[PDB]
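Read the single chain below, which is given as structure tokens and is the form deposited in one PDB entry.
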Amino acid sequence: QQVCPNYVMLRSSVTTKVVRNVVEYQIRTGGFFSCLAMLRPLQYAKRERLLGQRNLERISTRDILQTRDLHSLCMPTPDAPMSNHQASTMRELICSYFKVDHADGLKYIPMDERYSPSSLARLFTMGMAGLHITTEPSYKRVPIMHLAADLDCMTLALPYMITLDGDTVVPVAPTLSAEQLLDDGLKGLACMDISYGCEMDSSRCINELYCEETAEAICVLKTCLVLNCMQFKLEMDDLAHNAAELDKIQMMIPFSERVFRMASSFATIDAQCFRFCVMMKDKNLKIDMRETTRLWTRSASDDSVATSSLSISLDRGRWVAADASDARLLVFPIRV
């Protein structure tokens, strides 16, 4: 059963079965798990690295086009939500990273300045893996970032925001949306960290790999995470008003729990995702997708949840928001 056919992250499939009159669900969340894999650039490309250019040429062949194909091509996606936030700035980045002309940057980001955030992350993540997906169907080899190799053994990653209370890098709740970290020359990103680990055990922070070589790659990895957040937020905003698509699943409670897990990925870098996840644990996750949509649109209000009263800290490789002898949110690290 297809859900969100023309979405990138929400794109999911549901298989339902009966074994002696017992109701069984299975939800297959597709593009989402593809998108978060981009925290390990080489692991993402590992697949496509051993597919030739015919993999792409047979796609630009078609006239149907659709979302899943435009994504693979790293092009803007009509029939899907798109953003224009700091599009000017993002186009400059493409030209710098891939060292190409403005005429080619305009292929990725039209004059419209509308683009799919997950189609840029894929582009940059593939770029960090040493493959540039070009304007005209092709894979061109570019230098493989040493950072991408340095992280290619890690199976856990936990992004979080930090500040300083005096002389200690201390985790904080997000104040801003992910969308605001991209602007101002991407200088917001300094206050993001990503903790990687094996097994957490071998915990190593991406900010502790800071080097004049890796600084370029370290920023792109963060940008790709922010962009995948933007995509998720766009699709939830669009899903809210797509009353047609919404009605396919409005009562499928096991799906609300799945959307909750998806937002949890971004609940430490995006204030709206934070508040949205906090509200659902308060309700114990047993929520209709129609009500969940209402909670998503509610979370857009800063006063929706009292973030200011919550104490943030890390323990055991997991992110905790709590107050008054009772935790409100646990966020676990992202697989791969």
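Shifts are known only where both forms have a C-alpha. Throughout, rigid core stands for the largest set of C-alpha atoms superposing within 1.5 Å between the two forms. Quick note: we count residues from 1 along the sequence shown, nothing fancier.
Keep in mind the form deposited in another entry is missing from the figure; the text below concerns it.
When the two forms are superposed on their rigid core between this form and the one not shown, the C-alpha shift of 2 Å or more among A243, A190, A215, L164 belongs solely to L164. Annotation for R318: C-alpha shift under 2 angstroms between this form and the one not shown, rigid core superposed. Core-superposed comparison between this form and the one not shown: runs of at least three consecutive shared residues with Cα shifts of 2 Å or more are located at 17-22, 164-167.
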